[PDB]
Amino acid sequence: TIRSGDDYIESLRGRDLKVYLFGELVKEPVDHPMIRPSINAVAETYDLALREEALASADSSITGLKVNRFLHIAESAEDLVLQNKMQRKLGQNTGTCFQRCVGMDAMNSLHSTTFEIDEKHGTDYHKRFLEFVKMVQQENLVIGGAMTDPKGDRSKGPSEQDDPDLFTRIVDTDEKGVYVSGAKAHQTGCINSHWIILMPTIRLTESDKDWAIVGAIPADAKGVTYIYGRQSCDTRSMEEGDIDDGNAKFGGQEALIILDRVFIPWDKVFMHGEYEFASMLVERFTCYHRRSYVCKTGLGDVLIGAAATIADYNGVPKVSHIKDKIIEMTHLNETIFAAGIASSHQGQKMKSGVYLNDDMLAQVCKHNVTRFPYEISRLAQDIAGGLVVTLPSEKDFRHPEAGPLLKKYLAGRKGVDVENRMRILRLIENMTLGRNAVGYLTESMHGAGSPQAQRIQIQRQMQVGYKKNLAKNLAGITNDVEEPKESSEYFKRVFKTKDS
């Protein structure tokens, strides 16, 4: 079993994954300065469970063990809320994407979905999945959730693409398992993971049956190639000096995972051709994940903190407009938080026994996350001033000629250390333009689906026929009232009482 962050880091050494970064094979990711910040972030998920056991670990009814909360199958609405509390804490502690939420949300969504496949088909995907959960809980591993394919022409489904590999598919089968080819793009923390769960990314039709595959692969499976994603300001991490990085210790990681006839044994296959359940899996995965964006409220707390610090250093902490902007940042940030925890608080039990958060409220959390981080970032930049983008390099600050000039001229209020003022400005740059903006801004935009995806799911659940009848009642319209034909689950949850 992995126990500490240090144990986790050790577990990543000597694995010989095939990883391309800047046209070179990376022999040891743990030692690569661009990659190590992402690993440190994951390590903190282990360290928090040691320092704050009630927050970051759970009693598993599946294994009868205390497990890391990222590997816990939620047994109550309270367990869902605890995920959110842990996520905000980790965002405060790291200021970045700590990567492990995807696999948590994947596992929780698989628990219920596998149960339902088996109920219809008489298969044993749920039994297979539970044995997997027991293993990863006992060993305390990091699990990637690999849903999003490259997708090719966005207007066409899998079976209509010119190249069938643009969504991940079964290419062959034998007595011992399946072989899959394809790719998964934008994969958070995959190189830092022990196992990756491949999942379909779209509703599938009967024509798309070969793409109805879910399966768990070890990170070091044969036939996998990882091609690392660049980030804004990525190579600052490779430069000597830590100031210009802004957040030197922590960062995120994305890569493209290429699959060439990768083998998955039957015991790790959780869906095989049951195309009509792809949409259920995507729906439930995105239901959880869309309110895991509570994590971004911890980032928000850090960015607010940074804005308040630079205002202090600049000698204008208590001016009205700055105080007002800091309030606005806080308000926006808490609006996201409220939506996410409301979703979790409103969760309900699924047939398999796992709790699922409220889907509608999850869409609201995520939809606001697509908007507000951009505004929080803009207001931070206002408060910081122009030096947030014109500051000289640390190499210049350390220079014998340029350095004293910078120490003199980049003074803020008397008594503030210029190096501290530099460091806080670089943190702001990092979160609004640089490496951690990838997560704070663009992942807020696209993670668990682009804005339009949330709108379509709100549309599905927003009970417009029910609402029409409310309005007709009040307007005294009686003669054209129609029975709603729509999903009616949301108001059943909103108005749930002990009498149903």
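Numbers follow the displayed sequence, beginning with 1.
Colleague: Select between 413 to 421 and 82 to 90 the stretch whose C-alpha atoms have the higher average B-factor in the entry.
Modeller: According to the PDB entry, the answer is 413 to 421.
Colleague: Determine, for stretches 384 to 392 and 117 to 125, which one has the higher mean CA B-factor as deposited.
Modeller: Stretch with the greater average CA B-factor: 117 to 125.
Colleague: In terms of recorded Cα temperature factor, pick the maximum from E334, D245, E240, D149.
Modeller: In this record, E240 carries the highest C-alpha B-factor of the candidates.
Colleague: Between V269, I310, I327, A255, where does the Cα B-factor run highest in the record?
Modeller: Of the options given, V269 has the highest CA B-factor in the PDB entry.
Colleague: Divide the modelled residues of the chain into thirds by Cα B-factor and specify which third, lowest, middle or highest, holds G157.
Modeller: Highest third, going by the recorded CA B-factors of the chain.
Colleague: Ranking the modelled residues of this chain by C-alpha B-factor as given in the entry, is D174 in the lowest, middle or highest third?
Modeller: Highest third - that is where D174 ends up once the chain's C-alpha B-factors are sorted.
Colleague: Of the three thirds of its chain by CA temperature factor, lowest, middle or highest, which one includes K27?
Modeller: Highest third, going by the recorded CA B-factors of the chain.
Colleague: Would you please rank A475 by its C-alpha temperature factor against the other modelled residues of its chain and give the third it falls in: lowest, middle or highest?
Modeller: Within its chain, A475 is a lowest-third residue by C-alpha B-factor, going by the deposited values.
Colleague: C-alpha B factor of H72, ranked within the chain: lowest, middle or highest third?
Modeller: It belongs to the middle third of the chain when residues are ordered by C-alpha B-factor.
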